[PDB]
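Everything on this sheet refers to the single structure shown next.
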Amino acid sequence: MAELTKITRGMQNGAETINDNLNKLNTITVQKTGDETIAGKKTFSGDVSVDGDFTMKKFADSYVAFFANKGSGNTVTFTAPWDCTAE
Amino acid sequence: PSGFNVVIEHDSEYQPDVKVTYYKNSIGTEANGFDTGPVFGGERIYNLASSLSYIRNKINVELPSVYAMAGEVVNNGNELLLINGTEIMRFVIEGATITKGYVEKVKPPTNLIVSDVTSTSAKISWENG
């Protein structure tokens with residue numbers, strides 16, 4: 001993702017370009033410690049566990065759905081919004 | 193004269209130690225550009241024997257005359273670098289910050305002799321450094 005400048009034999013400011021690439025990587029990467037803010041759509045292939053306080057926006061919009069018949073109340077007909085379990 | 197003298201100006205009110213090393217073709221000093229030298233990272237590092245003397249805020253690093261070299265002076269605060277092409281002479285200070293560093297060009301006078309001394313006068317004579 002990050003834009004690093006290529007390190008080649010014979011290049012002019014080798015030490016300085018290596019320093020800038022190391023500094024770029026150090027400030028753009030998500031690290032295993034400290035509080036941070038991460039931008040972009042993050043898709044996780046494997047399992048994810050949150051030991052701390054998990055915060056998610058709009059949980060009831062996202063995970064619950066209520067469908068009922070107004071005019072009759074005997075036959076509810078609906079198009080499922082996502083893969084679910086009905087009660 | 194006495195030798196090759198490098199002056200290191202610092203912020204301590206005391207006598208900081210200085211350690212001198214010499215090395216060729218460290219990163220950024222190779223003639224044909226980055227990593228074009230014979231030993232990537234730098235050739236043999238030699239410890240240079242120095243004789244140090246101090247005045248407030250100024251260390252004078254006296255090295256044998258044989259090491260005398262020209263070159264750009266780089267001040268990195270923790271260390272001073274005397275860069276001459278491919279060659280580097282590195283000076284590492286301990287317990288202070290390098291303010292300014294340079295090869296001593298204006299050198300102090302030497303053979304001070306007091307002659308023609310009377311009750312009211314004397315003649316002071318010397319020799320250029």
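Sequence lines, in order, name chains H and A.
In case it helps, PDB author numbering puts the first sequence at residues 1 to 87.
In case it helps, PDB author numbering puts the second sequence at residues 193 to 321.
The beta carbon of each residue, even a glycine, is placed where N, CA and C say it ideally should be.
Short CB-CB distance (under 9 Å) between residue i and chain H
i: A/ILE219; result: yes
Cross-chain neighbours of residue i in chain H, by beta carbon under 9 Å
i: A/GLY225; result: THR8, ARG9, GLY10, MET11, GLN12 and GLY14
i: A/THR228; result: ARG9 and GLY10
8 Å Cβ cut-off: residues of chain H touching residue i
i: A/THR213; result: The premise fails here: A/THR213 is roughly 18 Å from chain H at the closest Cβ pair, so nothing lies under 8 Å.
Delimiting residues of the alpha helix (DSSP H) encompassing residue i
i: A/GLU205; result: Unbroken run through A/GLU205: none, as it is neither H nor E.
i: A/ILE219; result: Careful: A/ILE219 lies outside any alpha helix (DSSP H) and carries neither H nor E.
i: H/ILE28; result: 14 to 28
Range of the contiguous beta strand (DSSP E) that encloses residue i
i: A/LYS315; result: 315 to 317
i: A/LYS292; result: 290 to 295
i: A/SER307; result: 305 to 307
Neighbour flag for residue i against chain A, beta carbons, 9 Å
i: H/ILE18; result: yes
Beta-ladder partner(s) of residue i, from DSSP
i: H/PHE78; result: For H/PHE78, which the question treats as bridged, DSSP gives no partner whatsoever.
i: A/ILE280; result: A/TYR215 and A/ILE275
i: A/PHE196; result: A/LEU255
i: A/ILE285; result: A/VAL210
Q) Fully enclosed by the stretch 233 to 278 of chain A, which beta strand (DSSP E) runs are 3 residues long or longer? A) 238 to 240, 243 to 247, 250 to 255, 264 to 267 and 271 to 276
Q: Jot down the residue ranges of each uninterrupted beta strand (DSSP E) in the stretch 38 to 66 of chain H, minimum 3 residues, whole runs only, in chain order.
A: Unbroken beta strand (DSSP E) stretches of 3 residues or longer found wholly inside the stretch 38 to 66 of chain H: none.
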